[PDB]
Structure formats: structure tokens, C-alpha cells
Number of protein chains: 2
Amino acid sequence: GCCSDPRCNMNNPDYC
Amino acid sequence: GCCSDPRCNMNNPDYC
């Protein structure tokens, strides 16, 4: 998942 | 933060 991966989470505030 | 960058900002319209 994206939100469970630090870098993806950091770049996706709309969903994370 | 994400919103300070044009690409990330545009990918996150709800939050940015």
C-alpha cells in the first residue's frame, strides 16, 4: 500500500 | 512539504 510506505505517504496527503 | 512542489501539489488538489 501507498500510505504504509513512508515516501509514498509523504507525497500523497489527499489519501494518506 | 508536498504542496510546495508543483507536481505534488497538482497530484493532491484536496489538501493542497
Side-chain angles (χ1 to χ4, degrees), chain A, chain B residues 1-6 8-16:
Chain A
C2 173
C3 306
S4 43
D5 172 281
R7 296 180 185 279
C8 197
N9 182 304
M10 199 184 314
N11 294 322
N12 288 282
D14 274 19
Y15 291 125
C16 306
Chain B
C2 167
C3 305
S4 301
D5 177 79
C8 199
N9 184 298
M10 275 187 50
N11 284 342
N12 292 272
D14 300 349
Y15 197 106
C16 299

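Naming convention: chains lettered A, B, ... in sequence-line order (proteins, then strands); numbering from 1 in each chain. Values reported hereafter were calculated over all heavy atoms of this structure, with side chains retained and with hydrogens, waters and symmetry mates removed.
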| query | How many angstroms lie between CE in A/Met10 and SG in A/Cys2, if you round to the nearest 0.5 Å? | reply | 11.0 Å
Would you list the atom pairs in which one atom of chain A and one of chain B form a donor-acceptor pair under 3.5 Å?
residue : atom : partner : partner atom : Å
A/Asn11 : O    : B/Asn12 : ND2          : 3.1
A/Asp14 : N    : B/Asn12 : OD1          : 3.0
A/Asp14 : OD1  : B/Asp14 : N            : 3.4
A/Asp14 : OD1  : B/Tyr15 : N            : 2.8
A/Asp14 : OD2  : B/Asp14 : N            : 3.1

| note | Residues B/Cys16 and B/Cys8: closest non-hydrogen pair is SG-O, 4.5 Å
